[PDB]
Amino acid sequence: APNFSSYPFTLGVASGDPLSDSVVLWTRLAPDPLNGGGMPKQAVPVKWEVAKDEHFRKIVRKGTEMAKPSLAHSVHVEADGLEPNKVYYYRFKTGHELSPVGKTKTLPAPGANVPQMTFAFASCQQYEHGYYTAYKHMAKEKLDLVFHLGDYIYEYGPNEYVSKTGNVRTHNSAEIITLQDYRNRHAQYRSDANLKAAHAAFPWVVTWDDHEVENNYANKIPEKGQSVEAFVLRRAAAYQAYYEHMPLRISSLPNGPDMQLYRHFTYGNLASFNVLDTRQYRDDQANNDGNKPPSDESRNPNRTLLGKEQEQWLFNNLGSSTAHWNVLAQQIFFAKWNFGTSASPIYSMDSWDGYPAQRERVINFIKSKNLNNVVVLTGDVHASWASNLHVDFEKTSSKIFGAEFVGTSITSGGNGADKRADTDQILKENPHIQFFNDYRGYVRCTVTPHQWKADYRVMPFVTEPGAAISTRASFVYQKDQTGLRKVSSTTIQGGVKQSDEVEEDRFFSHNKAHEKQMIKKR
């Protein structure tokens, strides 16, 4: 009989990591969410129900979990005994308090011959840079699931990482360090009504990038020559807070600074999804990070992004898959992405171009199995791109093994534009690249056995609430040497047409943030 002085489900509900017979259900009791949750230091019973209908007359599964202080009174339920490829509704009750109703959906039975799948993927939602209008629109989509590919939170204090179009909202605290700091930052982001609606609408498959801990971290090495010892404690705090706020299974429970997040599942026989973790195990960025010429350092063949175990696990999944599609749901730019010239190349040291030997091992394995059904989903870069993936990244004449869809950010970077100052140059230098756009939004994918379609769903602005969404462009890939085909293209009403931004602005703006952090320590 817990009683509350304020409505406890301030962060809503969520579901995730669906399998054919179960799904994770999530909530958190947080009546005062930005001040640590406002809960007493005792375990609180939370009842849960799963039904076939939204009025809960046809309940199929129910139980009681004990929400505990040591996990910020979060609740993770693995609701099993469910049927495959079926929509369910779920809700929680604590004392007399009722959560919002959530909607979810189990996967098809393994090997089921499913004709179609629709999903969206998102990344990069800097709270200060704009409103979450993208998620208002996403919540109205008809999707089987959603992927989040990282930067679900950012770690900064206020007035540090400042958008070109202004910081319209403000982080709740100084730069986040402790478990409580991370919990409160997750609560700030998750309090947004639009994000909560998108969570209540679909099951999510999440994976993190850098800003869930700190900018451009690499395994246990923080950026800018900061302390490794302090960073390891910080990673443990960040990983715990992430678990507490995400609909993950119990095998993802962290143990100190370590946490199993990479994982695999198949959507019938249509698509095999490898959800990667390119932060937790990676070697340090070469050449002091940033955008630099390649070097013996960056080209060192021992350097890894995935780590040895994840690499082998991935090869095992790719080699044994009989699905129509093999998908890498991951964080960072995979295709060749030269910012310089052929003679004097310049590459992102934090992207796959910074880890070329690791990329070679993945491509060589894909070549060895003769695959041409590989799709890579990406975030991080705060703009939309699409590329044909060739078995030799230097030869457009080489065989196309797949495609990469790089999604823009939900908000990071501000209102943006259709085109930037360096767009024509980069496209010229990188002819495998078929698309650039710099408006905020997300990517919607529709998959059938012989065709993959990606729609880029974008808005003219995020600095004010209420922008309309449109499909800027749509591409289809059909597993042949013609690669990506543009099937739609529309100009965005009310959007800036061309800015003077260049890719280096993202690195520069993150470095200005760090400088401001240092100045604040006087």
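Just count from 1 along the sequence shown to find any residue number.
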Next on the checklist: Can you tell me whether 495 to 503 has a higher mean C-alpha B factor than 6 to 14 in this record, or the other way round?
Outcome noted: 495 to 503
Item to check | Stretch with the higher entry mean CA B-factor, where the candidates are 313 to 321 and 185 to 193 | outcome: 313 to 321
Checklist outcome for this item: The residue of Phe333, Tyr152, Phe393, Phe435 with the maximal C-alpha B-factor according to the PDB record is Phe393
Next on the checklist: Among the choices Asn415, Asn159, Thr178, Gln126, identify the one whose CA B-factor in the record is greatest.
Outcome noted: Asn159
Checklist entry - Taking the C-alpha B-factors as the PDB entry records them, is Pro257 in the lowest, middle or highest third of its chain? => result middle
Checklist entry - Going by the entry, which third of its chain does the Cα temperature factor of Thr106 land in? => result middle
Next on the checklist: Could you place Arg235 in the lowest, middle or highest third of its chain by Cα temperature factor, using the values in the record?
Outcome noted: lowest
Checklist entry - According to the PDB entry, is the CA B factor of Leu25 in the bottom, middle or top third of its chain, that is, lowest, middle or highest? => result lowest
Next on the checklist: Can you tell me whether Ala198 has a C-alpha B-factor in the lowest, middle or highest third compared with the other modelled residues of the same chain?
Outcome noted: lowest
